Amino acid sequence: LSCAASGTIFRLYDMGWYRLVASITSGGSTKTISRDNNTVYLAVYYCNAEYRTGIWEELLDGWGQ
Amino acid sequence: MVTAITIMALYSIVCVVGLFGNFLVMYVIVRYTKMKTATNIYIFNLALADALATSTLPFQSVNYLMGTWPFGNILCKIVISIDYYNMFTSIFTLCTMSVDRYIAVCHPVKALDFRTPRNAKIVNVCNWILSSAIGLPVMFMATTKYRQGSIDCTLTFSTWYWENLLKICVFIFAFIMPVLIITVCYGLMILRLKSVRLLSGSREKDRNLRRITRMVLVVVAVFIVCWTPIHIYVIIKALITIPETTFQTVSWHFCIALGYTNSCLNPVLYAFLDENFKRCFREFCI
Ligand SMILES: C[C@H]1CN(C[C@H](Cc2ccccc2)C(=O)NCC(=O)O)CC[C@@]1(C)c1cccc(O)c1
């Protein structure tokens, strides 16, 4: 069960699985999730990812189906 | 003839727009309590210098139209000193703005202590005191020379040593060195911004910080683009003895006109690029 990301993203920050099961930071700090700098691999569960579209833009979050 | 009328027309359009816009910015900063910030103290100093820069342009337009300076000696000494003050105060105010945004972005724990507004006010007073060292000698020198054809208003030097020296000092201290300081501060800030997830902990604080930083960068870039060509022209004229021709006179006046035009541009950028300024302007108008 992976939570891949696509689209126009300047930088992808913290990725995670939410039922808060797991969090993987960009460095690799974890709170069993492995992330490759563009997908992470770890009741319905949902992909969550934080991102910034541009250098001057604001931090956003994108959920999944 | 035709050139003098064109200059008068453009100068009057740059004079009314600039004076109105820079009066409005200062009024809004004074009137509303929320507006006061360290950056706003720096933006207020820039717009003071541009109001003083635009109030001179009618006398110059009349001088070009009539071929003679009829306004007297003292007004000649004030106008020329203001011409130099514009350049030095504006470049130093932009430099201090950039260092303030550097302290805010890269050293927040110690940024908090040094970004109080009173510090910005003292910084601005120090900026004017420093710029006087160049400004006051120019005021003391300027004179009305009674040429047989017509009165002229110019700078009297004691000539090669004393005149090339003034042009070199203006090229070095008031252009190159502040540009290097600004470029290094923005290179370091761009380094910090590209690799941080959050800059101030709170998401809103992060967005506000990045917005103000971008606005300051746009102002700096616009000023450099407006002022570089006259600066290069002064140097290339000093060393080459260009022949006199129509191209020379027209190009010379056009570069001076661009440098003056920049004085009215900033109030429009403040309104497009800042929510608080845009809101206050709308509330003021209506
Ligand atoms: C600032 C730039 C424009 N002024 C124009 C000024 C306006 C004026 C004043 C009174 C009557 C009519 C016109 C002027 O004509 N001043 C005559 C004088 O004092 O010699 C000139 C110097 C200038 C090109 C300059 C640019 C860059 C670097 C630099 O060193 C110098």
Side-chain angles (χ1 to χ4, degrees), chain A residues 4-5 7 10 12 14-18 22 25 27-28 43 45-46 48-52 54 56 58-60 62-64, chain B residues 35 37-40 97-108 111 115 184-191 193 196-199 201 203 206 208-210 212-221 270-271 273-274 276-277:
Chain A
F10 152 78
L12 183 63
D14 291 331
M15 288 182 64
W17 300 93
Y18 277 84
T25 302
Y45 303 102
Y46 296 115
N48 187 47
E50 306 184 10
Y51 63 92
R52 206 169 273 113
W56 314 102
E58 61 86 15
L59 198 53
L60 295 166
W63 294 90
Chain B
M35 289 308 270
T37 64
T39 322
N40 275 34
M97 192 174 284
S98 305
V99 170
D100 173 85
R101 302 305 299 155
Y102 176 83
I103 297 182
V105 174
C106 293
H107 310 275
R115 290 188 90 269
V184 172
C185 290
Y186 273 90
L188 287 173
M189 268 180 295
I190 286 300
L191 294 174
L193 278 65
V196 184
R197 184 219 170 191
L198 272 165
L199 272 168
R203 281 203 183 185
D206 185 84
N208 298 321
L209 205 57
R210 293 172 183 252
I212 297 144
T213 302
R214 185 181 64 187
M215 184 180 70
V216 176
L217 188 58
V218 175
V219 177
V220 169
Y270 299 157
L273 291 165
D274 193 12
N276 288 20
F277 274 115

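When reading the values below, keep in mind they use all heavy atoms of this one structure, side chains included, and skip hydrogens, waters and symmetry mates. In what follows, chains carry the letters A, B, and so on, assigned in the order in which the sequence lines appear, proteins first and then strands, with residues in each chain numbered from 1.
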**OP:** Please determine which of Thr213(B), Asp274(B), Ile212(B) meets the side chain to side chain contact (heavy atoms under 4.5 Å, CB included) test together with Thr39(B).
**Re:**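 Single side chain to side chain contact (heavy atoms under 4.5 Å, CB included) partner of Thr39(B) among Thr213(B), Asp274(B), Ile212(B): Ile212(B).
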
Side chain of [X], backbone of [Y]: donor and acceptor closer than 3.5 Å?
X	Y	result
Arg52(A)	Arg197(B)	yes
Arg203(B)	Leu59(A)	yes
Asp206(B)	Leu199(B)	yes

**OP:** Please report the C-alpha distance between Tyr186(B) and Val216(B) in whole Å, then the side-chain angles of each, then the deciding distance to 0.1 Å, and finally whether the side-chain contact (heavy atoms from CB on, under 4.5 Å) criterion is met.
**Re:** CA-CA 11 Å; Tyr186(B) 273 90; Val216(B) 176; 3.5 Å; yes

Approximate separation, where rounding is to 0.5 Å, of [X] [atom1] and [Y] [atom2]:
X	Y	atom1	atom2	answer
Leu217(B)	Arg101(B)	CG	CZ	11.5 Å
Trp63(A)	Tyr46(A)	CH2	OH	10.0 Å
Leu209(B)	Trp56(A)	CG	CH2	10.0 Å
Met215(B)	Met97(B)	CE	CE	7.0 Å

Minimum heavy-atom separation for [X] and [Y], please, with both atom names.
X	Y	answer
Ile103(B)	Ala111(B)	O-CB, 3.3 Å
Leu188(B)	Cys106(B)	O-SG, 4.4 Å
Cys185(B)	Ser98(B)	CB-O, 4.4 Å

Original post:
Does any non-hydrogen side-chain atom of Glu50(A) lie less than 4.5 Å from one of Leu198(B)?
Top reply: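 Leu198(B) does not reach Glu50(A) side chain to side chain.
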
Original post:
Mind checking whether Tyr270(B) and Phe277(B) have parallel, tilted or perpendicular rings, split at 30° and 60°?
Top reply: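 The rings of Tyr270(B) and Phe277(B) lie parallel, inter-plane angle below 30°.
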
